[PDB]
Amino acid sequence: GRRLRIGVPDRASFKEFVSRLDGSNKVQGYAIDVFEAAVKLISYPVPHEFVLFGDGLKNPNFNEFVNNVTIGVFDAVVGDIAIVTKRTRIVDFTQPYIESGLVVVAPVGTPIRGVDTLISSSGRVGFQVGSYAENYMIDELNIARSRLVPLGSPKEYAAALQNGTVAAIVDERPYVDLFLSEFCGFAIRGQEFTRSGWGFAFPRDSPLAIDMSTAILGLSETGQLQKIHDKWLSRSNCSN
């Protein structure tokens, strides 16, 4: 019956997903709304307190964040957390509450067609600081570490692409959709080349990971999950 210590990423950018409210110790955003809606559908109480994770200067390392459940600093983590295979070895995720996977974004009229263009070329590649994309590109795709440039925010994405400091950026589709809604002149090249959605994570063998999956499914089936997306993530200033 004790309050679960739930870690939440202290996002410096793309704060619509989850962030600190107005520099308080309170939190808000898309993932928080999904979690609180889901908890209402759980058949037993889930007392909890949210605990911000990160330096407040840059988006946190999501691998390190999830590891804080494994080592017991957090009882759970709630946020925009990609369900990637290495993390599933050390926590139990819910079923995903939103689709996500890595895509390539570049200037309109780029010759880049997708991640296979990057693998066979020399240009620098941007990624979001703290994203699994960094490890994915180095490890799975064997892209030279020297080519990778960490970027902090959608303004930095537009600047790096415009000034040619990177040829393209690799990041998960939800961040790229928010970027393309704010900054005109860029486009996704190719399909997703990973398919890990976002989920909440609990300790290995936690019953709450399974109970929360049924609750998330309930939200999907009633249309509440779509309405929460609409609340946080539907604004766009871009056609093309």
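One-based numbering along the sequence shown.
Of the two segments examined, 72 to 80 and 133 to 141, it is 133 to 141 that shows the higher average Cα temperature factor in the deposited entry.
Of the two stretches examined, 55 to 63 and 186 to 194, the record assigns the greater average C-alpha temperature factor to 186 to 194. When the C-alpha B factors of 16, 22, 221, 10 are read from the deposited coordinates, the top value falls at 22. Between the residues 100, 128, 94, 121, the entry's highest C-alpha temperature factor is the one at 121. Per the deposited record, the Cα B-factor of residue 203 falls in the middle third when ranked against the other modelled residues of its chain. Sorting the modelled residues of the chain by their CA temperature factor places residue 170 in the lowest third. Looking at the C-alpha B-factors along this chain, the one for residue 27 belongs to the highest third. When the modelled residues of the chain are ordered by their C-alpha B factor, residue 36 lands in the middle third.
When the modelled residues of the chain are ordered by their C-alpha B factor, residue 177 lands in the middle third.
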